[PDB]
Protein chains: 2
Amino acid sequence: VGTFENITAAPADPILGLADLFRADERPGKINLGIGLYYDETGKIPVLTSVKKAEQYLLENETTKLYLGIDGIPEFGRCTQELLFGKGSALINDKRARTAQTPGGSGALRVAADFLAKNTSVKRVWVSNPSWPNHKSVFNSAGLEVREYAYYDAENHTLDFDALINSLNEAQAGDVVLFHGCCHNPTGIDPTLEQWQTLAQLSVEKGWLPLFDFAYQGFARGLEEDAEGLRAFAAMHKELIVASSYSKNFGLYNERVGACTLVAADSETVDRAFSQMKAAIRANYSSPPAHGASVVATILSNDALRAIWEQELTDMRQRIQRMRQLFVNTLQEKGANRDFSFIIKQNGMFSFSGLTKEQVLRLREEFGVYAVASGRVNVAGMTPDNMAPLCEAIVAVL
Amino acid sequence: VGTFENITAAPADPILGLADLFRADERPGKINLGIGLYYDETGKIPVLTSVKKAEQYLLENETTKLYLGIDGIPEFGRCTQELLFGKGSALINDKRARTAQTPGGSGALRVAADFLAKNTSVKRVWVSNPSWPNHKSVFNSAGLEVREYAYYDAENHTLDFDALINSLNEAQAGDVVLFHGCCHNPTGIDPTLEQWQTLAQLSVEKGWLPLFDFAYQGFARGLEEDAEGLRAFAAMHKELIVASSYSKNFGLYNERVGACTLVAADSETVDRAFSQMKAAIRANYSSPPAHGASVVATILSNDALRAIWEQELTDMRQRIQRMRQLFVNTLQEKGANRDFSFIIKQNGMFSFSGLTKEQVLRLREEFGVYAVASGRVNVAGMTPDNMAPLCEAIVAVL
Ligand SMILES: Cc1ncc(COP(=O)(O)O)c(C=O)c1O
Ligand SMILES: Cc1ncc(COP(=O)(O)O)c(C=O)c1O
């Protein structure tokens, strides 16, 4: 009697399964608007110049591949805290935060989930509906219940703040509430500063533990501005957790560079808690991969490389905003009667197109255009060369 | 009332806690025989030449960092299966095996444990007494019970084959039994081929699911020879799991390069099982880090680089063998009256020294010689320059 005989096949990942269909499609002119990769104006996914410079430096100067500590490169953790909280933050001066280098933002989310499930009485995590599909899997893998809160007004293409507030009414003291720090995935709709401040006050009154997922810092307005919501929470909370990723804003997707940051009331408490976070990492992958995080730490700690990187990040933010405008314009030019102007108000790589599952299927099967079944399209996959055919396809299924 | 306030500090890792103490130790003569790192004759922990050359190729030819698939680089998987099972194996031609690239051997162990606990009826894993200390933590954290079988005869410094087989008669069908492929950690004592064949037959009769941990392929006798015990299992079993590591045989510790290989009765079953292993990876770190695995796959797939690497591995293995001999001879010269000849018959980086916990504590506090509290010593940390002080210290505590 085989152990593997009773196993049920896993469903296809809603995002990665799509990219597998795309790689199999033999039809010429297929267009990939699925997975969240940054493409340049020629349809390629390049390595940043700042990253190549840093990798050259590492090649010439690394003398050993000796294991990192469980929590990773120390300079990486410190530069990360400055990015998130600000160079002179009280949180850093009071030594209230500890950061672990992790394998991507995904790995940072799993490390937090394992830590919470094993060392606290947290039973429940609240996630926006919609959210990144993998959020539920990560927290469920540690045995945590995941509930959903309302977020998106699909009528006005706006944040439904009233429904958000009402739907979080039953989130209890000691529940985790997950917020996207900026560039909400998939809607591209973020709270305003005043909405963030309102959420911060309510969180402290209700006793929630906030967990911020930061995968797109620098893609909305700028590095400092995109962190304003987080910093409004950090000014008011004793405790919070930040999972952050450098996959997107350094174009380091496949090197798995992220961080999990813990904040507690004081230095002694966060050190105690962090020692249990390190134990959860040790029972998982033991210590994190060095190459990607070394690149990031090299760039952030060298003024000249850092200035190259900040300009590269700006050029990527601006290309995406330009494509958002060109998309709306070309849809009108190609004859759409539906108003797509809301696309211009959305932030980051993704917008909710408002297409139905049926229309997304038609686009894939009839026109070779690949989006996620929720209607999320990757605007950063749009180029001046593929824009007209893409828009003709959409207009055809409207 | 903070969520983190009542968390208890985690105890130190028996291996990584020692490394921290050693780093902080201010004495210039300190000697590190704890963590399993390869040192060259001069006390350095070098990057291999094959690896530097492969990294230079990657630097100049890499055009993108786009995500690998969940299971990683395909050539890496194929080359791993060839090393494990042999260039013309029936497991491979029958398409009975699927491999996922993982963040180290540690990550491969957690992926297997998550996959087992979430998709099968397995409740119990059997691990040798003694074993690598992190084995229990990994399987306990996935929710599996850990049971110990007998292995080492401490009086005779030998494998107690009878005790082992008696202990394992309590293991039931559908339990997982974990075997070290070669260079048993910490004892350095491995089954002979005959004993492997005996366990393999006994394994099918009782219905165990074998799990091989293969972190030292090439450090006992040779690449092919060190897999004989696994290949005897593979010829008889419908199902098995191998977690393997390239940290040590490539000196790639901090890049986290390993693999989890699943074997099932046929191609249809292993694909069904592998789909759930991918789901378990997706909810952990999503996809594995590219740099380290790309280096390995570049080396194994290029005949000139492979030849360099295979010579560098031979040199490491022989250097360790020369140190085992030198250690025994120098102990007698420095006035030890115990017979340490058993060290010569142990394989790999580690010997079980027979020192007590109290003697190990003295070696550290009074002499700055760092060994694990079990008395395991890293022979690969021994050099001609530190042999005399190390042996004088040991004689002083007998
Ligand atoms: C909201 C959110 N969190 C986490 C991630 C995962 O990032 P990473 O590739 O660093 O694991 C993504 C993007 O993939 C994301 O959009
Ligand atoms: C038996 C055994 N399994 C697994 C590992 C973990 O290897 P890695 O560093 O690749 O995670 C080690 C040592 O590191 C080991 O000795």
# chains A, B, ... in the order shown; residues from 1 in each chain; ligands from 1
>>> residues_near_ligand(ligand="ligand 2", cutoff="6 Å", atoms="only C-alpha atoms and all ligand atoms", output="ChimeraX atom specification")
/B:104-106,132,185,213,215,245,247,253,256,258
>>> write_last_selection(atoms="C-alpha atoms", output="mmCIF file, in the first residue's frame")
data_model
loop_
_atom_site.group_PDB
_atom_site.id
_atom_site.type_symbol
_atom_site.label_atom_id
_atom_site.label_comp_id
_atom_site.auth_asym_id
_atom_site.auth_seq_id
_atom_site.Cartn_x
_atom_site.Cartn_y
_atom_site.Cartn_z
ATOM 1 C CA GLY B 104 19.748 24.148 1.149
ATOM 2 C CA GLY B 105 19.389 20.667 2.493
ATOM 3 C CA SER B 106 17.608 22.179 5.483
ATOM 4 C CA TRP B 132 22.107 16.122 13.354
ATOM 5 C CA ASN B 185 26.533 13.124 11.280
ATOM 6 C CA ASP B 213 19.549 12.969 3.925
ATOM 7 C CA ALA B 215 24.655 16.305 2.626
ATOM 8 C CA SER B 245 22.703 19.463 -0.216
ATOM 9 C CA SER B 247 26.524 23.396 0.638
ATOM 10 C CA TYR B 253 27.024 27.211 2.178
ATOM 11 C CA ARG B 256 21.469 27.741 0.009
ATOM 12 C CA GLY B 258 19.830 21.842 -2.223
#
>>> residues_around(residues="residue 207 (chain A)", least_positions_apart="3", cutoff="9 Å", atoms="only C-alpha atoms", output="PyMOL selection string")
(chain A and resi 172-175+202-204) or (chain B and resi 1-2)
>>> residues_near_ligand(ligand="ligand 1", cutoff="9 Å", atoms="only C-alpha atoms and all ligand atoms", output="count of residues only")
43
>>> closest_residue(among="B:66, B:91, B:373, B:273", to="residue 237 (chain B)", atoms="only C-alpha atoms")
B:91
>>> residues_around(residues="residue 347 (chain A)", least_positions_apart="2", cutoff="7 Å", atoms="only C-alpha atoms", output="ChimeraX atom specification")
/A:183,188-189,220,345,349
>>> write_last_selection(atoms="C-alpha atoms", output="CSV table (one decimal), in the first residue's frame")
chain,number,residue,atom,x,y,z
A,183,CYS,CA,0.3,49.6,-4.7
A,188,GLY,CA,-3.9,49.5,-7.3
A,189,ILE,CA,-6.1,51.5,-4.9
A,220,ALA,CA,3.4,54.6,-6.2
A,345,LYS,CA,-5.9,56.8,-10.6
A,349,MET,CA,2.0,47.5,-11.7
>>> select_by_dssp(residues="region 296-368 of chain A", states="alpha helix (DSSP H)", output="VMD selection string")
chain A and resid 296 to 300 303 to 333 357 to 367
>>> residues_around(residues="region 329-331 of chain A", least_positions_apart="4", cutoff="12 Å", atoms="only C-alpha atoms", output="ChimeraX atom specification")
/A:322-325,335-341,343-344,353,382-384,386-396,398
